[PDB]
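# A closer look at the structure
So you can see what is in the structure, the chains are spelled out below.
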Amino acid sequence: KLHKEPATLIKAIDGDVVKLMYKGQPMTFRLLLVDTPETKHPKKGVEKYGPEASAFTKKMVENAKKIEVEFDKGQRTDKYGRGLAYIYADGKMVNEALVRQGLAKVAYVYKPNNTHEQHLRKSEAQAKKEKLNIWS
C-alpha cells in the first residue's frame, strides 16, 4: 500500500503547486487529482477563486507542525518534472480539504494514479450540495 514520507516546506506557489524539500532535495510538487482555479494560469492569469485557493493551501502548509507526501501507485513525476502526490498537513490531506471547501474540482483521472479518487469525489459532491465557493 501507499506510505507517507516526511518533507519540509520550501514555498507555496499556487493553490495546486508547492515546493518541498524531499529526501534532501528541493522539488516542485503538483497536487494529485485536483484542479484549483489559478493565479498563474498560462492563458488566463488570475481566475475567480484563484487567490482564495492559493491562500488556503499556503496557510495550511505554512502553519503545519508536520508535512508528509504520499505518492500513488503509478508515475511519480509529470512531464514538467513535478512530483505527483497527495500532501498531508498534520495528518489532513490538502488535496481533499481544497475539494471539501469548494476551492478545487476533482481532475480528469489517470489510472493507476487514482487511489483516493472515490473519497475526493464524495467530498466534491458535498461541497456542491453545500454550494461552496466555486459551486456558489
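Structure determination for this entry is recorded as X-ray crystallography, at 1.85 Å resolution.

Take the UniProt feature "active site" in the protein next. In the numbering used here, UniProt assigns the feature "active site" to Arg30, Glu38 and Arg82. In the annotation above, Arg30, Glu38 and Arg82 are the residues that line the largest pocket. Mapped onto the fold, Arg30 is located in strand β3 (residues 25–31). At 2.7 Å, the side chain of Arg30 forms a polar contact with the backbone oxygen of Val34. Looking at where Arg82 falls in the secondary structure, it is placed in the loop between β5 (67–71) and β6 (83–89). Taking relative accessible area as the criterion, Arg82 reaches 23% and is therefore assigned partly exposed. Those residues in contact with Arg82, other than ones at most four positions away along the chain, are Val17, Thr28, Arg30, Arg76 and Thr77. At 2.8 Å, the side chain of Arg82 and the side chain of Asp78 are in polar contact.

Rules used in this analysis
Residues numbered from 1 in each chain as written, not as in the entry; some residues may be left out. Heavy atoms only, no water. UniProt positions renumbered as here; feature names shortened; annotations may be inferred. 1 Å grid on protein atoms, 1.4 Å probe; cavity = no way out; pocket = protein on both sides within 12 Å on 5 of 7 lines; lining within 4 Å. Helix = DSSP H or I, 4+ residues; strand = E, 2+ residues; numbered from the N terminus. Polar contact = N/O pair within 3.5 Å; in protein donor to acceptor, adjacent residues only side chain to side chain. Buried < 20%, exposed > 50% of the residue type's maximum accessible area, 1.4 Å probe, protein only. Contact = heavy atoms within 4.5 Å.

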